[PDB]
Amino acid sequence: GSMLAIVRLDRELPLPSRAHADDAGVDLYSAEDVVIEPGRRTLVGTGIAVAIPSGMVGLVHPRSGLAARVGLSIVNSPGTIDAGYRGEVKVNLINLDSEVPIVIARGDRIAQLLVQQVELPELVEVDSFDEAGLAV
């Protein structure tokens, strides 16, 4: 198997973990108590940092279920975390409901983190796609 190094910047939150072996995502928690009014957005810290491996990407998705059903989502979904980035993971949350505010308590699940391989091609300009080495 493999590992992902994680720092709890906020030591009072629980350590994120993969609940079941097959689960693509790991839930991340809110470091903040906030109320997001209808149609509004706010950047919320998760209180963790990660060391995504070289050649991979971290992907931050909204969650399904009750959270989605109340209209919680992420403005820039999917959020990306580069191997470079070892700062706090912060999530740009939006309330897509038109009438009902979303109350978020500190410790509440607000997003999930996936990890995948990523290709890192150098972009090479061509004048047209009539070049050797391209898909037919």
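Numbers for residues come from their place in the sequence shown, where the first is 1.
K.L.:
Comparing 68-76 with 32-40, which stretch shows the greater average C-alpha B-factor in the deposited entry?
P.N.:
Result of the comparison: 32-40.
K.L.:
Name the higher of the two by mean Cα B-factor in the PDB entry, 94-102 versus 49-57.
P.N.:
Between 49-57 and 94-102, it is 94-102 that shows the higher mean C-alpha B-factor.
K.L.:
Where does the C-alpha B-factor of residue 26 rank in its chain, lowest, middle or highest third?
P.N.:
Its C-alpha B-factor belongs to the lowest third of this chain's values.
K.L.:
Sort the modelled residues of this chain by their C-alpha B factor and say whether residue 83 lands in the lowest, middle or highest third.
P.N.:
According to the entry, residue 83 has a C-alpha B-factor in the chain's highest third.
K.L.:
Sorting the chain's modelled residues by C-alpha B-factor, tell me whether residue 124 ends up in the lowest, middle or highest third.
P.N.:
Middle third by C-alpha B-factor.
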